[PDB]
Amino acid sequence: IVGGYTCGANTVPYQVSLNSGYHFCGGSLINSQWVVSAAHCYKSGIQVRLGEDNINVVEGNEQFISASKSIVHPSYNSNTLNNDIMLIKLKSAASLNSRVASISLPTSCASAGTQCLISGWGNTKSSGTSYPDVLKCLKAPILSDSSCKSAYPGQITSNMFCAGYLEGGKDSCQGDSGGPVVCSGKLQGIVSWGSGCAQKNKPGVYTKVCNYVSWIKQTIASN
Ligand SMILES: N=C(N)c1ccc(C[C@@H](NC(=O)CNS(=O)(=O)c2ccc3ccccc3c2)C(=O)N2CCCCC2)cc1
Ligand SMILES: [Ca+2]
């Protein structure tokens, strides 16, 4: 997260770290056994780490659970990033409480101007790399479709939305991939792609989760 602030320990209780000997993507806990993340985060050998703040220190409240299966959307296209969403089933149910909790799926899509909270352990620098120990937070508005398509001509599908600041200086970045965009208590987006990080006129692009609620439900019901 570039231009964000330290969230505070466990203040984003649905945030997950995907770990394969190092943090490589974020995710969101949506019930005690299922996590949603991005399809580009797919990897075998994923351990989901819940209740994290400093990802480099055991502090208490962590729960480490292996993934028993990762289900990339059948129509994910790696060239366009259209349908960039994946479901991860946990080997065991997480223990939910104050510090580890699920986030609700949306019942409707959010409008342009809705302010949301984006969080992750990704890069904090626009030019360079600096990964934080603790979880970083950024408040950012959903942009209009016209501004989003003006920023990225021909690259925005109806399963994507832009969120952020056209002036540059505040954005998600490498390492935040798969993480939550929460608006009014609902999971509206998944960190997917962008051109650089926090560049002027190149806002972040997010997977539009409201288009996938039926697929998420049907898929969790059959697995
Ligand atoms: N909000 C941001 N500015 C932001 C958000 C997410 C990221 C991580 C993300 N990386 C990028 O978007 C790199 N910027 S990129 O190189 O300009 C880019 C953008 C879109 C693309 C679409 C399809 C294939 C390749 C693409 C590469 C990533 O890990 N990817 C996995 C590999 C494919 C690209 C996505 C970076 C920045
Ligand atoms: Ca920790």
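All of this is worked out from the model, or read from it or from the source named; nothing here is a laboratory result. Quick reminder, even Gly has a Cβ in these numbers, built from the backbone with ideal geometry, and neighbours come from all protein chains shown.
Does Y76 satisfy being away from ligand 2 (no atom under 16 Å from the Cβ), of a type outside the set (S, T, N, Q) and in the same structural domain as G185 (by CATH)? No: the conditions fail for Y76. Yes or no: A110 small (G, A, S) and farther than 17 Å from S214 by Cα? No; evaluated as a whole, the condition is false for this residue. Of the candidates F64, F24, the single residue that is crowded, with 16+ Cβ neighbours inside 10 Å and within 16 Å of ligand 2 (Cβ to nearest atom) is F24. Return yes when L90 is buried (at least 21 other Cβ atoms within 10 Å of the Cβ), in the same structural domain as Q174 (by CATH) and of a type outside the set (D, E, K, R) and no when it is not. For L90, the condition - buried (at least 21 other Cβ atoms within 10 Å of the Cβ), in the same structural domain as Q174 (by CATH) and of a type outside the set (D, E, K, R) - is not met. For region 170-193, a tally of residues being surrounded by fewer than 23 Cβ atoms within 10 Å (Cβ to Cβ) and either without any contact (Cβ under 8 Å) to a residue 40 or more places away in the chain or more than 22 Å from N19 (Cβ to Cβ) (or both) returns 5. Pairs are defined by a Cβ separation below 6 Å, a sequence spacing of at least 6 or placement on different chains, a first member in region 134-145 that is free of Cβ contacts under 8 Å to residues at least 12 places away in the same chain, and a second member that is not in a strand (DSSP E or B); no pair meets this definition. Going by what's in this entry, would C162 be described as in the same structural domain as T114 (by CATH), in contact with a helix residue (DSSP H, G or I) (Cβ under 7 Å, 6 or more places away or on another chain), closer than 25 Å to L18 by Cα and in a strand (DSSP E or B)? For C162, the condition - in the same structural domain as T114 (by CATH), in contact with a helix residue (DSSP H, G or I) (Cβ under 7 Å, 6 or more places away or on another chain), closer than 25 Å to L18 by Cα and in a strand (DSSP E or B) - is met. Just checking, does region 33-52 include any residue being of a type in the set (S, T, N, Q), surrounded by fewer than 18 Cβ atoms within 10 Å (Cβ to Cβ), within 16 Å of ligand 2 (Cβ to nearest atom) and at positive phi? Checking region 33-52: not a single residue is of a type in the set (S, T, N, Q), surrounded by fewer than 18 Cβ atoms within 10 Å (Cβ to Cβ), within 16 Å of ligand 2 (Cβ to nearest atom) and at positive phi. Of the residues making up region 141-187, just one is more than 10 Å from ligand 1 (Cβ to nearest atom), touching a strand residue (DSSP E or B) at 6+ places or on another chain (Cβ under 6 Å) and among the polar types (S, T, N, Q), namely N159.
Residue-by-condition table, conditions (1) closer than 16 Å to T207 by Cα; (2) assigned by CATH to the domain that holds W121; (3) touching a helix residue (DSSP H, G or I) at 6+ places or on another chain (Cβ under 7 Å); (4) among the basic types (K, R):
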| site | (1), (2), (3), (4) |
| --- | --- |
| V2 | no, yes, no, no |
| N19 | no, no, no, no |
| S37 | yes, no, no, no |
| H40 | yes, no, no, no |
| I46 | no, no, no, no |
| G51 | no, no, no, no |
| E59 | no, no, no, no |
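Can you name the residue in region 51-80 that is in a loop (DSSP other than H, G, I, E, B) and closer than 18 Å to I30 by Cβ and, of all such residues, is farthest from ligand 1 (Cβ to nearest atom)? Ranking the qualifying residues of region 51-80, first place goes to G51. Suppose the filter is in the same structural domain as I156 (by CATH) and either under 16 Å from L29 (Cβ atoms) or surrounded by 12 or more Cβ atoms within 10 Å (Cβ to Cβ) (or both); does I118 pass it? Yes, satisfied.
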